[PDB]
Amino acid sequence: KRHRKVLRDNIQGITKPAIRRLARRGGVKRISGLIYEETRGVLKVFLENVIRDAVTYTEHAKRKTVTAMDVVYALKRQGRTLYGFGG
């Protein structure tokens, strides 16, 4: 491979409107303007936790690819069991 794009600030792809939709699914009518940064933070923490575990499984298997099963097993450890992807 030649070159490899730098990833930064991607947390900002979780847009104001996408966060409003999730609120809505969650039954929220009115949303303070500070909610959006707070939600980004909370999402970042959730992902760090689940990806860390998922990647740990990947490495323990000696792979370079994160499988759906790595994520499913990480989700199970963390008490957030997911059906629909192989477990």
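In case it trips you up, residue 1 is the first one in the sequence shown, and so on. Only the largest set of C-alpha atoms that superpose within 1.5 Å between the two forms is called the rigid core.
A.B. asks: After fitting on the rigid core, which stretch moves more in 4 other deposited structures of this protein, 10 to 18 or 61 to 69, going by C-alpha RMS?
C.D. replies: Farther from the shown form on average in 4 other deposited structures of this protein: 10 to 18.
A.B. asks: Which of the two stretches, 72 to 80 or 20 to 28, moves more in 4 other deposited structures of this protein when the core is held fixed, judged by C-alpha RMS distance?
C.D. replies: Greater root mean square C-alpha distance in 4 other deposited structures of this protein: 72 to 80.
A.B. asks: Can you tell me whether 42 to 50 has a higher mean C-alpha B factor than 58 to 66 in this record, or the other way round?
C.D. replies: According to the entry, 58 to 66 carries the higher average C-alpha B-factor.
A.B. asks: Rank-wise, by C-alpha B-factor, drop residue 20 into the lowest, middle or highest third of its chain.
C.D. replies: For residue 20, the deposited C-alpha B-factor lands in the highest third.
A.B. asks: Looking at the entry's B-factor column for C-alpha atoms only, identify whether residue 31 ranks in the lowest, middle or highest third of its chain.
C.D. replies: Answer is middle: the recorded C-alpha B-factor places it there.
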